[PDB]
Amino acid sequence: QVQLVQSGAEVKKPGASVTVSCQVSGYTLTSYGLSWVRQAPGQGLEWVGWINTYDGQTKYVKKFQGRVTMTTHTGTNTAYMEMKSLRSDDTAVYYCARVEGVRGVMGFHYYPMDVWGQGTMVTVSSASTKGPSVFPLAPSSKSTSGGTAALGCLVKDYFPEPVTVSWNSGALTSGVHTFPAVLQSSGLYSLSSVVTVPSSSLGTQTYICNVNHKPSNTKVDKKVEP
Amino acid sequence: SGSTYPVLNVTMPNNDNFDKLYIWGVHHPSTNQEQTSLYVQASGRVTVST
Amino acid sequence: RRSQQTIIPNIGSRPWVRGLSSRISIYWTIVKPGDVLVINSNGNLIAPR
Ligand SMILES: *[C@@H]1O[C@H](CO)[C@@H](O[C@@H]2O[C@H](CO)[C@@H](O[C@@H]3O[C@H](CO[C@H]4O[C@H](CO[C@H]5O[C@H](CO)[C@@H](O)[C@H](O)[C@@H]5O)[C@@H](O)[C@H](O[C@H]5O[C@H](CO)[C@@H](O)[C@H](O)[C@@H]5O)[C@@H]4O)[C@@H](O)[C@H](O[C@H]4O[C@H](CO)[C@@H](O)[C@H](O)[C@@H]4O)[C@@H]3O)[C@H](O)[C@H]2NC(C)=O)[C@H](O)[C@H]1NC(C)=O
Ligand SMILES: *[C@@H]1O[C@H](CO)[C@@H](O[C@@H]2O[C@H](CO)[C@@H](O[C@@H]3O[C@H](CO[C@H]4O[C@H](CO)[C@@H](O)[C@H](O)[C@@H]4O)[C@@H](O)[C@H](O[C@H]4O[C@H](CO)[C@@H](O)[C@H](O)[C@@H]4O[C@H]4O[C@H](CO)[C@@H](O)[C@H](O)[C@@H]4O)[C@@H]3O)[C@H](O)[C@H]2NC(C)=O)[C@H](O)[C@H]1NC(C)=O
C-alpha cells in the first residue's frame, strides 16, 4: 500500500519552466530509488532522469542533460523534477516509480521500477489562456428520431482544457455525454455536451450548461430551447 | 506553577529536511525540600524520545 | 554468575508508531559454559523463550 501524489497538472509557454513533485506513502522514499518517464500522447514511453534518495546520485538522458534536474526533500518524503527552458514538443505526462538500485548498487538496471505515480500532465503551447464561448444547440426541428430530442451546448475557442459542464448544477445527469474536445488549427480546444431528454418536454423543462472555466475564471450559463 | 506541576507532555515534528539538534537537561536537587518545592512531587523524571 | 544487569521501566508518552505510544527496550545477556542465568523482575518484563 504505497501511494504516490503528483503535482497538479500544469501548463506553461515554451521557454518557461515547470517542476513536477512526487509524494510517497508507506515505504520511505529514502530507502528507495526513483526515476521519471515521459508519456507523450499515444507516443509510447521514454525514461528521462534517475535519482537515489540517501545517495544523492543522478543520471540523465544525453538528450535533455542540463535542461532537466532531480531534487529530493528527504525531510518531507517527496521528490522533485525540474525542467527549465521547456520546449513545445516536450509536453506530455510524467511519472515517478520506485527503484531498487540503491546503496551499494548505485546502478538502476537491476531494479524493476514499481508503483508508478498517477501522473502529472504538463503542456507547452504558445497559446495563452482564453475564455470559453458558450453557445446553445437545440433541434433544428423536433428530432422525433427513435425517441425524445437532443439539445446541448458548444464551448468554442478556449484554453487550456478542460472546463466542466454541469447541466442545471447537476439536475440533468441523465443522458449527458460530453464529447472529447479537439485542437483547432488555431490552437484552442473545443468540446460539446449533449443530453437525451424526452421530446414531450421540449417546453416543460429548460436546460442550462454551467460551463465553469478555472483557467479563465469564466462562468457562462446558457439556455437551450428550439 | 502555583501549587502543581502537571506531567508536561508536548511534541515537535521535524518538517525541515535537515537534522535537528535539541539540547536539554535534567536538574539534580540538592535537598528534598528543594525538590518538592521547585518540582512539587518529590520524584522527578524526564523522558525525551524520538 | 559473572555480570549483573537491572533496568527500570520509563512510563511516559512518546512518538506514535504503528499505532502505539509505547516502546520495548532490547537487552542481551551472554551466558558462558557452566555459568547460570537468573531473572528477577517485578514486572514490565519481556522474557525470552
Ligand atoms: C560502489 O557503491 C558506492 C555506494 O553506492 C558508490 O559511491 C558513490 O559514488 C558516487 C560517484 O563515484 C558518489 O556520487 C558523487 O557524489 C559527489 C559528492 O556528494 C556525495 O558524496 C558526499 C561526500 O562523499 C563522501 O562521503 C563519505 C564521507 O562524507 C565517504 O564515505 C564517501 O566515500 C565519499 O568520499 C556525501 O556527503 C553526499 O551525501 C550526503 O548528503 C546527503 C544529502 O541528503 C545525505 O542524505 C547523505 O547521507 C550524505 O550525508 C553525496 O552522496 C557529487 O559531487 C558527485 O556529483 C556528480 O555529478 C555532478 C552533476 O550532477 C557533477 O557535477 C560531478 O562532477 C559528479 O560527477 C556524485 O554525485 C557518491 O557520493 C558515492 N556514495 C554514494 C552516495 O553512494 C561507488 O561509486 C560504487 N563504485 C563504483 C565506482 O562503481
Ligand atoms: C503526549 O503528547 C503527544 C504529542 O504527540 C500526544 O499525541 C500522540 O501523537 C500521536 C501521533 O503523533 C497521535 O495519534 C494520532 O491519532 C489519530 C486519531 O486516531 C483516531 O482517529 C482515527 C481516524 O482519524 C481512527 O482510525 C482511530 O481509531 C482513532 O480513533 C490518528 O488519526 C493519527 O494517524 C493518522 O492521522 C494523522 C493525522 O492526520 C496522519 O498524519 C497519519 O498519517 C495517520 O494516517 C493514517 O491513515 C492513513 C489513511 O490514508 C494511512 O495511510 C496511514 O498509514 C495512517 O494509518 C495519529 O495516529 C495521538 O493523538 C497521541 N498518541 C497517544 C499517546 O495517544 C499524546 O496523546 C500525549 N499523551 C497523552 C495520552 O496525554
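One table, with the values for the structure above:
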| quantity | calculated |
| --- | --- |
| Given charges at beta-carbon only (K, R positive; D, E negative), |dipole| of the stretch A:1-122 in Debye | 340 debye |
| Estimated FRET transfer efficiency when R0 is 30 angstrom, pair C:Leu20-B:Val7 (beta carbons, to 0.05) | 0.95 |
| Given charges at beta-carbon only (K, R positive; D, E negative), |dipole| of the protein assembly as shown in Debye | 380 debye |
| Residue order, fewest to most surrounding Cβ atoms within 10 angstrom, among A:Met121, A:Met83, B:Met12, A:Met106 | B:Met12, A:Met106, A:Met121, A:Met83 |
| The stretch A:1-70, relative contact order [Cα under 8 Å, separation at least 6], % | 22 percent |
| Fraction of antiparallel bridges per DSSP, the protein assembly as shown only, in percent to nearest 5 | 95 percent |
| Fewest-first sequence of A:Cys96, A:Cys153 by Cβ atoms within 10 Å of each Cβ | A:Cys153, A:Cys96 |
| Sorted by Cβ neighbour density within 10 Å, fewest at the top, the residues A:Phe108, A:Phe159 | A:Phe108, A:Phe159 |
| B:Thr31 versus B:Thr47: modelled label distance in nm, points set 7 Å from Cα along the beta carbon direction | 3.1 nm |
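Please note: Cβ atoms are built from the backbone with ideal geometry, for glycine as well, and neighbour counts cover all protein chains shown. All of the numbers you see were taken from the coordinates with simple rules; none came from a lab.
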